[PDB]
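Asks: Submitted below is the structure of interest, expressed as structure tokens.
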Amino acid sequence: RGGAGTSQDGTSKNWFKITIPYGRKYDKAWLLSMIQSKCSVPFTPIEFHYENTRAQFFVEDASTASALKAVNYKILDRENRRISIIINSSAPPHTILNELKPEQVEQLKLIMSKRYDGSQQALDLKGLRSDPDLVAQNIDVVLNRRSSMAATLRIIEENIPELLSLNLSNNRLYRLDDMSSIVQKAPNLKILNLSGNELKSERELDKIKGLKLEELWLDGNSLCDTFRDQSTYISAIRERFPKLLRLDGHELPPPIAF
């Protein structure tokens with residue numbers, strides 16, 4: 001137990017995910033003995049595997065792993081290069097672990113590239129669940145599934161920071177705290193279109209609030225009914241966003257400021 005390794009967590013159940021960048025390009029057998037080699041201890045791969053061109057396994061001992069991030073630029077293959085070792089601190093070899101793979105980031109990324117445009121700062125993400133290129137490719141960027149949206153809002157501050165018209169229309173997203181940041185990540189964005197998305201309340205826009213818009217949408221989002229007139233759907237919506245001028249494709253009276 002304690003001191004050396006308590007039978008339970010919070011204490012010393014310390015896991016590690018050691019990743020050999022490009023491991024595939026080497027023999028599982030050769031590659032590993034070559035580590036133990038340049039190594040200083042006896043390390044055992046806790047379920048090694050291939051994530052595309054990825055080489056990775058787990059390590060229980062905190063310091064075992066320690067002597068592995070020590071073996072970097074250490075091995076020199078036949079091609080005469082250096083095999084790498086991305087060593088990290090982690091969770092049990094199988095837990096809640098939701099996330100995704102980096103191959104897909106490049107998936108999601110390429111898909112977006114064709115769905116963008118640098119003359120209208122487009123970002124038509126009509127059906128990120130339904131778009132060829134990935135449709136029938138086992139994967140589906142489920143934006144409402146938190147991280148996906150995260151990793152989606154990721155590519156933007158990275159590639160397209162200036163974007164002006166993002167469009168989630170129809171991606172059945174509901175609670176907005178996921179993308180509750182694009183205000184920072186995607187600064188200008190003078191337009192949006194959270195239409196179709198099963199948004200039940202106006203309590204969402206409270207999350208985009210700071211986003212300085214001028215054009216939005218929202219039909220088919222439960223919240224519609226949660227309203228009577230138009231005078232306030234124009235006052236609730238416009239509340240969260242004053243500079244608002246257009247809306248759901250119609251004539252929004254010249255916003256009269258006091």
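Identifiers in the structure tokens: chain A, B, ... in order shown; residue index from 1 per chain; ligand index from 1 in order shown.
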Quick one: DSSP helix (DSSP H, G or I) residues in region 165-198 of chain A, as number ranges by chain?
Replies: A: 182-185
Asks: Skip residue 214 (chain A) itself and residues of its chain fewer than 2 positions away, then list as a PyMOL selection string all residues within 6 Å of it, counting only C-alpha atoms.
Replies: chain A and resi 190-191+243-245
Asks: How many Å lie between CA of residue 146 (chain A) and CA of residue 14 (chain A), rounded to one decimal?
Replies: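 Separating CA of residue 146 (chain A) from CA of residue 14 (chain A) is a distance of 26.6 Å.
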Asks: Could you check how far CA of residue 194 (chain A) sits from CA of residue 217 (chain A), in Å to one decimal?
Replies: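 Taking CA of residue 194 (chain A) as the start and CA of residue 217 (chain A) as the end point, the length is 6.0 Å.
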Asks: Quick one: residues within 12 Å of residue 158 (chain A), only C-alpha atoms, excluding same-chain residues fewer than 6 positions away - as a PyMOL selection string?
Replies: chain A and resi 109+151-152+184-186
Asks: Among region 90-248 of chain A, which ones does DSSP place in strand (DSSP E), written as a list in words?
Replies: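 Result set for region 90-248 of chain A (strand (DSSP E)): residues 90, 215, 216, 246 and 247 of chain A.
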Asks: Would you save the residues from that selection as a compact mmCIF listing (two decimals), in the first residue's frame, using N, CA, C and O atoms?
Replies:
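Writing done, so here's again_4.txt:
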```
# COMPACT_ATOMS: atom_id res chain seq x y z
N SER A 90 -1.01 9.57 -17.52
CA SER A 90 -2.38 9.29 -17.94
C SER A 90 -3.30 8.47 -17.04
O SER A 90 -3.01 8.23 -15.86
N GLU A 215 -26.10 39.32 -37.62
CA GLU A 215 -27.03 38.42 -38.32
C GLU A 215 -27.07 37.01 -37.71
O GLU A 215 -26.04 36.34 -37.59
N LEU A 216 -28.26 36.56 -37.32
CA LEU A 216 -28.43 35.25 -36.70
C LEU A 216 -29.70 34.59 -37.21
O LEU A 216 -30.45 35.20 -37.97
N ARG A 246 -30.42 41.69 -38.87
CA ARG A 246 -31.20 40.69 -39.60
C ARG A 246 -31.58 39.57 -38.65
O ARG A 246 -31.08 39.53 -37.52
N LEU A 247 -32.46 38.67 -39.07
CA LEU A 247 -32.85 37.57 -38.20
C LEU A 247 -33.81 36.60 -38.86
O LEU A 247 -34.89 36.98 -39.29
```
Asks: Out of A:153, A:193, A:144, A:159, which residue has the shortest atom-to-atom distance to residue 181 (chain A) when counting only C-alpha atoms?
Replies: A:153
Asks: Given the choices A:228, A:154, A:17, A:207, which gets closest to residue 241 (chain A) if the distance is worked out from only C-alpha atoms?
Replies: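 Looking only at the distances to residue 241 (chain A), the closest residue turns out to be A:207.
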Asks: For residue 199 (chain A), which residue among A:187, A:23, A:42, A:220 is the nearest when counting only C-alpha atoms?
Replies: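 Smallest separation from residue 199 (chain A) among the options: A:220.
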Asks: Using only C-alpha atoms, what does the table of region 84-184 of chain A residues within 12 Å of region 57-71 of chain A look like, with each row giving the shortest atom pair and its distance in Å to one decimal, sorted by chain and ascending number, as a tab-separated table?
Replies:
```
residue	atom	partner	partner_atom	distance
A:84	CA	A:71	CA	8.2
A:85	CA	A:69	CA	6.1
A:86	CA	A:69	CA	7.0
A:87	CA	A:69	CA	5.6
A:88	CA	A:65	CA	8.5
A:89	CA	A:62	CA	8.2
A:90	CA	A:58	CA	8.8
A:91	CA	A:58	CA	9.5
A:92	CA	A:58	CA	8.6
A:93	CA	A:58	CA	6.8
A:94	CA	A:58	CA	10.5
```
Asks: Counting only C-alpha atoms, which of A:171, A:139, A:16, A:163 gets nearest to residue 117 (chain A)?
Replies: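 Of A:171, A:139, A:16, A:163, the one nearest residue 117 (chain A), counting only C-alpha atoms, is A:163.
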Asks: Find, counting only C-alpha atoms, the residue in A:136, A:257, A:252, A:213 that gets nearest to residue 231 (chain A).
Replies: A:252
Asks: So, counting only C-alpha atoms, which residue among A:121, A:13, A:100, A:7 is closest to residue 140 (chain A)?
Replies: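 With only C-alpha atoms as the atom set, the closest residue is A:100.
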Asks: Name all residues at most 12 Å from region 123-125 of chain A (count only C-alpha atoms; drop same-chain ones fewer than 3 positions away) and give them as a PyMOL selection string.
Replies: chain A and resi 108-109+111-120+128-131+141-143+149+152-153+155-156+160-172+186+189+191-195
Asks: Quick one: everything within 6 Å of residue 55 (chain A), counting only C-alpha atoms, minus sequence neighbours fewer than 2 positions away in the same chain. Send it as a PDB file with C-alpha atoms, in the first residue's frame.
Replies:
```pdb
ATOM      1  CA  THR A  19       4.225   6.922 -27.736  1.00  0.00           C
ATOM      2  CA  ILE A  20       6.903   6.186 -30.316  1.00  0.00           C
ATOM      3  CA  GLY A  23       6.606   3.258 -34.451  1.00  0.00           C
ATOM      4  CA  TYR A  50      -0.872   0.602 -33.525  1.00  0.00           C
TER       5      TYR A  50
END
```
